[PDB]
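Asker: Build the 3D model from these lines:
(2 chains)
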Amino acid sequence: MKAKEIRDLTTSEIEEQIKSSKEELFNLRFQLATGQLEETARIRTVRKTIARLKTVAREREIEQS
RNA sequence: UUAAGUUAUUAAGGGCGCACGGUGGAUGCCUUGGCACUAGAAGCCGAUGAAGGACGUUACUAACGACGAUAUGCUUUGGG
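Answerer: Numbering: from 1, shown residues only, chains lettered A, B, ... in the order given. And now the structure:
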């Protein structure tokens, strides 16, 4: 998910998306550990999604001040 | 046949010369790194936590670089 859609989302939606993305990342890591993950690029994709979500959240809580 | 006399051949190995190899890294050529300077700029950083480090971050990750739990990177504005 890109920064444009992230900015479309609302703050509560940003937090929920961060939670679900972190849960997905955890599941991906566990599959990788157990040897059940072939599509390894998903880990990096989700990591960058989380980074973008947090970036937009920080932008909002900065511009509020 | 005898006697007297003379002189070879031998190379175990060695010497000189020659040929062919090996080892070794000189020499020639080369440059990625240095050395001395010129002109211009700049001449401080730090409790808003520095210099320098430790430990981590990748699908696989021992090391250097980069980066910092938003980690082998995030947003934005321009270039291409």
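Asker: going forward, measure contacts between C-alpha atoms and count neighbours the same way
Answerer: OK.
Asker: Tell me where chain A has helices.
Answerer: Using DSSP state H, the helices of chain A run over residues A:3-8, A:11-34, A:41-64.
Asker: TSV for those, including mean neighbour count?
Answerer: Shown next, in TSV, are the helices of chain A (neighbours: other CA atoms under 10 Å):
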stretch	mean neighbour count
helix A:3-8	13
helix A:11-34	15
helix A:41-64	14
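Asker: got the ones you listed as TSV, with distance to RNA strand B columns?
Answerer: Shown next, in TSV, are the helices of chain A (distance: least, CA to the nearest atom of the strand, whole Å):
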stretch	distance to RNA strand B
helix A:3-8	5
helix A:11-34	7
helix A:41-64	3
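Asker: what are the phi and psi angles of residue A:35?
Answerer: Dihedral angles phi and psi of residue A:35 (degrees, to the nearest 10) take the values phi 80, psi 20.
Asker: who touches stretch A:11-22?
Answerer: With CA atoms under 8 Å, 6 or more residues apart in numbering as the test, stretch A:11-22 has contacts from A:6, A:46, A:49, A:50, A:53, A:54, A:57.
Asker: Of all pairs in those, which one is the farthest apart?
Answerer: Greatest spatial distance among those (CA to CA): A:46 and A:57, at 16.5 Å.
Asker: Now tabulate the contacts of stretch A:11-22 in JSON lines and tack on distance to residue A:12.
Answerer: Output for the contacts of stretch A:11-22, formatted as JSON lines (distance: CA to CA, whole Å):
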{"residue": "A:6", "distance to residue A:12": "11"}
{"residue": "A:46", "distance to residue A:12": "19"}
{"residue": "A:49", "distance to residue A:12": "16"}
{"residue": "A:50", "distance to residue A:12": "15"}
{"residue": "A:53", "distance to residue A:12": "11"}
{"residue": "A:54", "distance to residue A:12": "12"}
{"residue": "A:57", "distance to residue A:12": "10"}
